[PDB]
Structures are given as structure tokens and as C-alpha cells.
Amino acid sequence: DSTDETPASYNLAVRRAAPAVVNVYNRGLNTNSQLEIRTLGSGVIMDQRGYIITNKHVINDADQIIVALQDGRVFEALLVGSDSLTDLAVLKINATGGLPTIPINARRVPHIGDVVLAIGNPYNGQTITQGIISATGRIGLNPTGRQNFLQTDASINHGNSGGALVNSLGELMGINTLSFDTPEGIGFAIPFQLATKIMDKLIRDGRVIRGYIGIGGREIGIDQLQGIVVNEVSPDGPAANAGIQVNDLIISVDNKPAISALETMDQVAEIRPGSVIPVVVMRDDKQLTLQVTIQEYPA
Amino acid sequence: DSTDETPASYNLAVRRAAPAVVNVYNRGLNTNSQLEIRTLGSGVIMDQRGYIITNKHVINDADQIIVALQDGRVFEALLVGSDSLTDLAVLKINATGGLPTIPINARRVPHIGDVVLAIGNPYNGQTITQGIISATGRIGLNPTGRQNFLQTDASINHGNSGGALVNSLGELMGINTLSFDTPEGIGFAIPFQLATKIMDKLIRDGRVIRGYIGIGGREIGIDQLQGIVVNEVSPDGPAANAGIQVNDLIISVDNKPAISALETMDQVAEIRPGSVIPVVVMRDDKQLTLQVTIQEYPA
Amino acid sequence: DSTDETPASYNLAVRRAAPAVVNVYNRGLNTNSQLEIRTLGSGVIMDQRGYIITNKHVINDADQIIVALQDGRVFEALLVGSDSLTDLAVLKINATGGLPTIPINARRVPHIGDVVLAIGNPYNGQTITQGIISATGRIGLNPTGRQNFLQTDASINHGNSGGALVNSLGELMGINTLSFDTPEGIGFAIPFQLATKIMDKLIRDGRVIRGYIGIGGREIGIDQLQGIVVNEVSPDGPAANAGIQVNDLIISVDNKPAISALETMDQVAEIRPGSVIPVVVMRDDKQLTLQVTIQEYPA
């Protein structure tokens with residue numbers, strides 16, 4: 001008799017998380033009067049100030065943005081900003097009385113093989129899928145990086161895109177992002193540490209400002225010094241203006257040893273334009289320290 | 001050393017449930033002699049009288065219906081009836097000696113996030129998939145309702161369609177129904193409480209008879225009385241014949257307060273044609289009680 | 001507070017298994033100098049001698065085969081042999097110092113419903129998916145058998161094809177094989193006992209040599225003797241040459257009672273060509289013992 005027994009379930013993560021996952025409506029005004037729904041999507045309430053993360057593609061060209069909570073409350077939202085490269089956008093609502101927020105543990109380290117649920121709220125019940133973390137993502141902002149997504153075999157679709165990816169404790173692991181283009185059975189999410197970083201940037205600047213040094217190049221035992229060889233230098237770029245030349249060997253950027261081309265470019269992307277930084281190079285078996293003014297990455 | 005350890009497994013649910021999941025063969029007689037297989041599918045033994053649920057689309061246009069059990073027994077089946085809207089059909093076999101039956105717990109409440117296995121028997125080994133309950137279904141019979149399906153990311157395919165969806169205890173959560181048309185990675189099943197209701201109806205009437213009041217309309221703090229405003233009234237329908245008019249406010253149907261358009265229409269669908277029921281409306285700030293004879297929903 | 005709690009995870013199986021799952025590169029030499037990558041895939045280190053299993057379709061037409069380990073080591077591989085029917089190939093590398101190997105428990109019985117992870121290493125992080133065993137496979141080598149694959153709803157794709165399928169203990173359940181052609185949501189792997197058998201055969205003969213008796217036919221209470229009726233006999237085949245005729249009833253092959261057409265054909269496939277075996281038949285209610293020289297299955 002199974003009357004006595006308890007079914008295997010992830011319902012606990014759902015109870016803790018789902019209340020913070022909202023419906024997001026993109027509404028157009030036809031010139032008739034009338035209000036019609038252009039598209040629908042999911043979003044996640046990040047804190048008690050009423051900031052919400054959703055997908056950019058859900059809110060593009062909205063005349064009015066409406067947010068609906070599982071508890072019945074309906075709000076008009078303000079668009080704070082968005083980013084095409086990560087397909088994220090931030091909204092703000094003004095709420096009296098408390099808001100449910102997504103559980104976030106900043107100390108939690110995501111592990112490959114961890115169980116995850118992808119929680120949507122397309123029509124408001126909710127659409128929820130289960131899978132594991134297939135690959136952890138990087139949290140870099142360099143525009144050319146392909147590795148800044150968490151991968152999962154939990155199904156990511158129009159139902160749950162823009163909603164929350166959580167572990168079995170209901171802690172946020174990422175923001176679901178539908179792929180418009182990769183292996184069958186693999187979906188993607190923005191890692192939660194990258195998503196909060198992007199939110200903070202949108203809140204202060206209204207957009208994600210990426211740093212640029214204008215250099216292409218590739219990496220060269222412990223007794224050999226690692227570095228990045230300069231393959232090409234962008235005309236009228238920061239490096240070119242500072243006197244950096246092809247075949248230079250970059251051993252240091254802004255006081256950080258340059259041992260990896262990928263790490264150093266994510267490093268530069270975080271540096272605010274107008275910043276003046278030292279870059280140490282090896283040329284003709286001599287050390288040169290050059291002063292470089294960072295610019296904004298070209299569109 | 002893993003010699004000592006025990007692999008994570010749902011094999012227990014399989015052992016309890018799978019013996020009641022059968023092969024169903026649709027066989028045509030070409031005029032040659034010969035017996036050929038038109039299509040194959042899964043079915044579920046519901047009780048010891050030998051009643052079986054399968055998909056209608058598996059048994060359509062069968063000259064002969066054959067059922068095969070995991071234990072080797074082969075039976076000829078009688079078609080009791082079917083329903084296009086839920087794609088269910090009921091069969092009956094005459095068996096001497098016991099039959100294996102699907103475990104059913106009528107006290108069990110399905111929860112979103114519960115683990116489920118979708119069990120098929122396409123060729124007789126079996127084809128089994130794993131997922132969770134994404135959304136619980138309604139058990140309504142109103143023909144226009146879209147919400148009467150349980151949703152799951154367990155894979156539902158030609159292998160397991162018509163078979164059993166069970167939790168990790170082997171208890172029946174639904175009947176697998178392949179979608180012929182929704183978000184990628186989502187399949188559907190008839191919730192088990194709706195499936196048993198449909199079976200009981202087919203057994204007594206040979207078809208699912210749905211009640212009809214012939215009314216379109218939408219719902220209007222606790223101090224305000226909820227109701228359904230009548231948008232349109234069907235000509236020569238039950239409501240029209242009873243004297244119900246547009247802009248009437250329906251506050252009560254068959255002694256049940258009408259607070260939701262969806263609940264009241266599922267309510268009417270369960271009422272047998274020929275039934276005479278009271279319907280209370282508000283017209284011109286006055287209460288009117290009208291006597292309505294329910295009819296059968298038009299095809 | 002979830003700070004104290006532990007997320008549900010299969011990370012243990014990943015830690016035990018993943019280090020033995022390698023990147024396999026198929027490289028062509030264009031006549032320029034240059035070395036270019038024709039295709040990429042996964043492979044599994046089977047033992048400390050440096051034998052590796054991958055897919056045949058990954059190494060077809062390679063000018064050079066390169067293997068890369070999660071720990072950073074890169075090797076040139078020798079192709080030992082392959083088999084089209086199972087899409088397996090074996091490689092060998094020469095390594096100084098230890099190699100990580102896949103955990104194998106030959107005593108472990110795979111069960112339907114067991115949790116499995118499909119581990120790939122397409123670019124070297126790794127691509128990992130989760131599912132269950134849907135159906136256990138046969139380990140037969142008869143070329144016409146359709147049942148020699150393990151089935152799983154763990155996603156099998158270009159990422160993880162040729163890599164390892166393991167249970168939650170990290171024990172090898174099979175080798176992932178991408179299907180180029182079956183129900184949606186079902187993938188396939190070579191059962192691990194069949195995969196090791198194929199590897200041993202490739203190592204001694206350089207190819208999989210299958211036995212052939214040249215007979216078509218089908219099986220006829222315990223008091224009735226089971227047998228295989230001969231439907232057809234191949235001209236100039238082993239059976240024809242030995243004097244076996246249509247309507248003969250095969251009751252014994254190589255001293256094994258013939259109670260199943262499927263079992264007896266897998267039995268014959270394992271017998272080495274040139275072998276002379278007894279085959280007992282019933283003809284005209286008399287027993288005849290015939291001496292048959294096994295041949296190699298025609299391409």
C-alpha cells in the first residue's frame with residue numbers, strides 16, 4: 001500500500017520561488033480608441049524596491065508594459081534599460097505593501113549535475129520544467145565571448161523564457177533565455193551572478209557600458225613567462241594611440257598579469273571608458289610601460 | 001568502490017505499474033483471406049472487470065481490436081465507446097483468472113514538481129520516460145475549455161501515448177495523450193480523476209453526454225456581488241426559451257452561486273439533458289427566477 | 001533559510017566519470033603546408049593500456065586522430081578498428097604515467113527507471129544531460145537485430161555522442177550513439193557489456209567477425225517440443241551445403257536447444273568461421289544430426 005508513502009517531488013523549490021515569477025505583457029495602442037497584447041513573457045522580482053528582470057525581446061516596442069503577480073496584483077512597469085547581447089531588460093514597479101522576491105544565495109556555488117527547475121508564468125498556473133546544469137557559464141561581459149551562458153537540459157521555451165532557473169532549494173541559478181538560432185536538448189540561461197551585475201549597471205547607467213582596448217592577439221612550464229602577443233592593433237584605438245605595436249608581448253594590464261586572452265578581455269570590458277591604465281609590454285627584450293585611455297566598445 | 005552502493009532509480013514505480021500497461025493492436029481485414037496491423041498503441045487496465053483505457057485515434061476504424069499483456073496473454077477486445085475531445089476510448093476484455101490493474105490512489109493530490117514516469121508498451125520491453133508535473137489540469141467537460149490537461153516535460157510520443165503517467169510510487173496521475181497540433185518540451189495527459197469520470201460515462205451511456213445552457217458571457221471587494229453578465233443568447237437554446245435576455249446578470253445556476261464563467265460552464269456540462277433547473281438573474285435591479293430545461297451541447 | 005541545506009545533485013557521478021571522457025579530433029591535411037579540423041567528438045578511456053572507444057562516424061577519413069584530456073594532456077591516436085553496424089571504433093594512445101579510466105562494474109545489472117547521465121566533451125567544460133533507462137538493450141551481434149541498443153530519454157546529441165552513459169554512481173552503462181535516422185525524445189547507447197565485447201574483438205581481429213549459418217525461419221505447453229522451422233535456405237550457404245532442407249525443424253544448434261529464432265541467430269553470430277558444429281533437425285518424424293561449417297556473414 002502506497003497510501004503511507006511520499007512521492008518524490010521538487011514542489012518545495014516551486015513553493016519558495018514561483019511567487020516571485022511574474023507575467024509580463026507587451027501592449028500596443030492601435031489608434032482605435034484599443035489595448036491589444038503584442039506578446040507575453042515571464043519576469044523575476046529581484047528585490048523589495050520592485051526591480052524586475054525579463055527578456056529584452058519580450059518588451060521591445062511596447063507602448064505600455066504590464067506586470068501581473070500570482071497573488072492577483074497588477075502593476076504598470078517602467079523600463080529601466082536593456083541589453084541586446086544578453087537579451088536582458090530591467091523593469092521597475094511601485095508597490096505598496098510587500099513584494100515576493102526570488103530567493104538568492106550569493107554564497108552558493110553552482111555544480112554541474114545539480115538539479116534545476118525552469119519556472120515560467122506565461123498565462124498565469126505556471127509552466128515548469130526539470131533538468132540539470134550541463135555546463136556552468138562564465139560571467140564575462142566581453143562582446144565576442146561565447147561562454148557567458150549556463151547550459152541546461154531543462155526545457156527552455158516561450159512559456160518560461162525570462163523566468164527563473166532555480167535549484168531544488170529554490171535558490172536562483174539563472175535567468176532563462178530562449179535561443180533564436182547548438183546541440184538538440186540544450187537550453188541556456190544567464191548565470192545569476194552575471195544577471196545581477198547587468199541589473200546594477202542598467203540601474204546606474206541605463207545601459208551596459210563595455211570597455212575596449214582595441215587589441216587582437218593570442219597567448220604565447222612555470223619558468224617561461226606567459227603573455228599575450230599582439231596580432232593586430234585597431235587604427236585610432238586606445239592601444240594604437242598609446243604606442244602599442246604588432247608583435248608586442250603584453251605581460252600586464254592594469255596591474256593584472258596577462259596569462260589568458262579570454263580573462264584579460266573580460267577584465268578590460270569591466271573598465272569604465274575614460275580610465276587611464278598602465279599596460280606593460282615586452283619589446284626587443286626590453287620592458288615598456290604604456291599609459292592607455294580606455295574607450296567604449298564599438299557597436 | 002561503488003560495489004557497495006545503490007544507484008538512484010525509479011524502478012519501483014515501473015514494477016508496480018508497468019504490468020497493467022498493455023499493447024493495443026488495430027487490425028484490418030483485407031479481403032485476401034489476411035490480418036494486417038493498421039496501427040499500434042498503449043492502453044491501461046483500470047480494474048478487475050477488464051475495462052481498459054486507450055486513445056481513440058489508436059482504435060479508429062478497427063475491424064478487430066487485440067490486447068496483449070506483458071505476462072503473455074492475448075485477448076480480443078470490445079469497444080465500449082470513445083470521445084474525440086479528450087481522445088480517450090474504453091475497451092473491455094473477458095479474462096479468466098486475475099488481471100493486473102493500475103495502482104490508483106483517489107486520495108492523492110498531484111503537486112506541481114512531482115516526478116512522473118510516462119509508461120508505454122508499443123511493441124511489448126516497454127518505452128518509459130521521466131519528467132515532472134509542469135501544471136495540474138482541470139477536470140472539466142465543457143467543450144471550449146483549454147485547461148483540462150495535465151502538462152509534463154516527460155516525453156509523450158507514439159511509444160507511450162494511451163499508456164499510464166505515474167508518480168514515483170506507481171500511482172496513476174493521468175493517461176498519456178499525444179498532441180497532434182504549444183511550447184517545445186511540453187506533453188499532455190488526461191488527469192486521472194477526469195479519465196475515470198469519462199470511463200464511467202462511456203460505460204453507462206456509450207458516449208460522453210455534455211450539458212448545454214446556450215449562453216455566452218463574462219464575469220462582472222466582497223461587498224459587491226459577483227455574477228456573469230449575459231453577452232449573447234443562443235436562438236432556440238435553453239436560455240432563450242426560458243426568457244433570459246442580453247445584459248441579464250446571472251447570480252445563480254442550479255442553486256450554485258455563479259462567481260466564475262469557467263466554473264459555471266463546467267457545472268452545466270455535467271448536467272444531464274432534460275433536467276429542469278432554476279437560474280436566478282438580476283434584471284432592472286429586480287430578482288427573477290427562471291426555469292431552464294438543459295439540452296445537449298451541439299456537435 | 002536555505003544556507004544550511006544541500007541541493008539535489010548528480011555531481012558525484014560527474015566527478016567519478018568525466019575525467020575519463022575525452023575530446024576526439026578528426027584532422028585533415030590540405031596540401032597547403034595546414035592542419036584543419038574535419039569534425040569533433042567524444043570518446044571514453046576504457047583501461048590503463050590506453051584503449052579508447054569513440055564513434056566510427058567521428059574518425060572516418062581522418063588523416064590524423066588527436067585525443068585531448070580534461071587534465072590538459074594531448075595525444076596522437078592509432079586506429080585499432082571499427083564497426084559500421086554499431087558505429088563504434090577503438091583507438092590506442094601511448095601514455096607515460098597514469099590515465100584516468102571510466103568506472104566499470106561488471107556485476108551491476110542495469111534496471112529500467114535507473115537515472116543516467118550522458119557525458120560529452122565536445123570542446124573541452126563538458127556537455128552533460130540527464131534521463132533514465134527507458135529500455136535495456138540486448139548484447140547480440142546478429143546483423144538483422146533491432147534490439148541491441150539501450151534506450152534513454154537523456155538527450156543524445158553531437159555534444160555527447162561517443163561519450164559515456166553512467167548511472168548516479170558513475171558506473172558505465174553504455175556508449176552514447178547519435179541516431180542519424182524512432183519516437184521523439186528517445187536516444188540510444190551501446191550497452192556496456194556489448195561495447196566491451198566489440199572492443200575485445202577489434203583488438204584481436206581488427207574488425208568484428210560475425211558467424212553465419214544461412215537460414216531463414218520462425219519458431220513453431222511444455223510437453224510440445226519447441227523448435228525453428230526452416231522457411232528458406234541460402235544457396236551455397238553452410239546449411240545448404242550440409243544438407244538442410246526447407247520444412248526441417250531445427251531443435252538444436254551447437255548443443256544448445258533452439259527455442260527462439262532470435263537467441264539462436266545471436267548464438268551463431270558469435271561462432272567463428274571455419275567452425276564445424278552439430279545441428280540436429282526433425283525430418284519426417286526422424287532425427288538427423290548434420291555437420292555444418294560456419295561461414296562469415298555476407299556484407
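Numbered from 1 within each chain, the chains take letters A, B, ... in sequence-line order. Heavy atoms only: backbone and side chains are in, while hydrogens, waters and symmetry mates are out.
Atom CD1 of B:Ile259 has 12 or fewer neighbouring heavy atoms from other residues, nucleotides or ligands inside a 6.0 Å radius. Atom CG of B:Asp223 is surrounded by 12 or fewer heavy atoms from other residues, nucleotides or ligands within 6.0 Å. Applying the 6.0 Å contact sphere to NE2 of A:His158 captures no more than 12 heavy atoms from other residues, nucleotides or ligands. A:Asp47 CG: more than 12 foreign heavy atoms inside a 6.0 Å radius.
Formation of a donor-acceptor pair under 3.5 Å by the A:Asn11 side chain with backbone atoms of B:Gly113 is not found in this model. Within the 3.5 Å criterion, the main-chain N or O of A:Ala154 finds no donor-acceptor partner in the side chain of B:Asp153. A donor-acceptor pair under 3.5 Å is absent between the side-chain atoms of A:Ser2 and the main chain of B:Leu169, judged by distance alone.
Between the CG atom of B:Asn105 and the CD atom of A:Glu5 there is a distance of 10.0 Å, given to the nearest 0.5 Å. Here CG of A:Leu178 is found 9.0 Å from CD of B:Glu184. Values are rounded to the nearest 0.5 Å. To the nearest 0.5 Å, atoms CG (B:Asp114) and CD (A:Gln130) are separated by 12.0 Å. In this structure, the separation between CD1 on A:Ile128 and CD1 on B:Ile133 is 11.0 Å, given to the nearest 0.5 Å. Expressed to the nearest 0.5 Å, how far CZ of B:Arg108 lies from OG1 of A:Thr3 amounts to 7.5 Å.
Qualifying salt bridge (charged side-chain N to carboxylate O under 4.0 Å, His left out) partners for B:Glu270, counting only residues two or more places apart in sequence or in other chains: B:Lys197, B:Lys201.
For A:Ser9, the parts sitting under 4.5 Å from any heavy atom of chain B are the backbone and the side chain alike.
Options A:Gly185, A:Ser155, A:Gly131, A:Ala8 differ in how many heavy-atom pairs under 4.5 Å they form with chain B, and the most are formed by A:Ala8. Taking chain A as the reference chain and counting heavy-atom pairs below 4.5 Å, the highest number among B:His111, B:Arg107, B:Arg16 is found for B:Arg16.
Below 4.5 Å, heavy atoms of chain A meet no heavy atom from residues 260-269 of chain B.
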